[PDB]
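Just the one chain here, the form deposited in one PDB entry, laid out as structure tokens.
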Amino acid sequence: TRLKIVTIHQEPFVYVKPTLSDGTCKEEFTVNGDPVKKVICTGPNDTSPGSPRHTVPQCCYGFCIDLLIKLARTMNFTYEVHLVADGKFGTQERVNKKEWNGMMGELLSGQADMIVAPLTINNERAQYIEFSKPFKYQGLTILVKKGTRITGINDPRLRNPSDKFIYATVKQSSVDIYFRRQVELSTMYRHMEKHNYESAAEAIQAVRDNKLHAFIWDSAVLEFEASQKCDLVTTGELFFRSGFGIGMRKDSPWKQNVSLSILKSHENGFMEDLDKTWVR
């Protein structure tokens, strides 16, 4: 019937703003004169770890929200959007049992029927869920405050670390999974697990406040952040390449038509339009 969509705050794929006093979303327009499509997305505000979460209606828009609207119009489904309760993308952590957290956990438990977010396709998650064909191909890069001279992934301050040069990623994300899985990056993983952040926004802020020297994250996010905050720059190109897909349960009756619609959107230039509107 009516799909429960889970998403996450992640500019510029998903912007999250408070509603107006009357519970509606502020009317905005692109420089292109076009109306900004916004959806009501419920979610918690107090992001404090180990604290109660009070769910309130909020405003959601961006690359992934425009993508959701297109999917819903094409496949003729209605929906309700909520933000992931723990604010995480999702990893499998050991409890004898193992459990998925973040959007992955919500999808598997039935709290969501579909993940519509910059969700990285990897082997770990594909074992438990259905990913659509990718809606974006990107990769991993490093974000630094302008003036920080790092060469990239093979820099000695990264490969042979110390508490002098702090670097991190986002907890319970695909980047966390990547560094934990690859033994060749264990030296990096051990340094990162001592300083990883709750969300990409906190990590981007920490780099600005000179509290974090390097943030290892998605290039589609970091390059957009660099282009807007001229005090931050990415260092090098991509050291790894990954794509974002729509997440569904392996039994979903929408999985074939979701992929077909994403292919249609790439082929007719709709996806490139979204990239121009929200990214470039």
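In this text, rigid core is short for the largest set of C-alphas that superpose within 1.5 Å between two forms. Each residue number is its position in the shown sequence, starting from 1.
Omitted here: the form deposited in another entry. The next part is about that form.
- Only 187, out of 74, 109, 127, 187, shows a C-alpha shift of 2 Å or more between the shown form and the other one on alignment of the rigid core.
- Put the two forms on the same core and the Cα of residue 35 is off by less than 2 Å between the shown form and the other one.
- Core-superposed comparison between the shown form and the other one: CA of residue 239 displaced by 2 Å or more.
- The distance between the CA atoms of residue 243 and residue 185 is at least 3 Å longer in that other deposited form than in the form shown here.
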